[PDB]
C-alpha cells in the first residue's frame, strides 16, 4: 500500500505505492523489499520529488484547474538530474 523512499542523507519518505509508480524507474524496481534506497539523491531533492508525485496524481486530469508547481531556483539543477534519473 505504501513504499519507503530513502535519500542519500538518510531521510525516509513514505508515500502511496500508486504515487511512486509515477517514476518509470521506481515502476521497474517495484514491479520487478518495499524500500528503495537512493544513494545519490539528497533529502532536499527527494522531498520535492515526492511532492511532485502527489501533484501528478491529483492533477492527471483537467477537471480541476491545474495550479503551478513551484520550484526554487537553488534546487532546479539537481531536481532535473533527479527527475531524469527517475523518469518522471
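Numbering follows the first chain given and starts at 1. Rigid core: the largest C-alpha set superposing within 1.5 Å between the two forms.
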- Which of the two stretches, 71-79 or 21-29, moves more in 7 other deposited structures of this protein when the core is held fixed, judged by C-alpha RMS distance? 21-29
- Query: What number of residues from the deposited sequence go unmodelled in the gap from residue 32 to residue 33, classed as none, 1 to 3, 4 to 9, or 10 or more?
  - Reply: 4 to 9
- Select between 51-59 and 22-30 the stretch whose C-alpha atoms have the higher average B-factor in the entry. 22-30
- Task: Would you tell me which stretch averages the higher CA B-factor in the PDB entry, 61-69 or 12-20?
- Result: 61-69
- Message: Which third, lowest, middle or highest, does the C-alpha temperature factor of residue 46 belong to within its own chain?
- Response: lowest
- Thinking about Cα B factors across the chain, which third does residue 1 belong to? highest
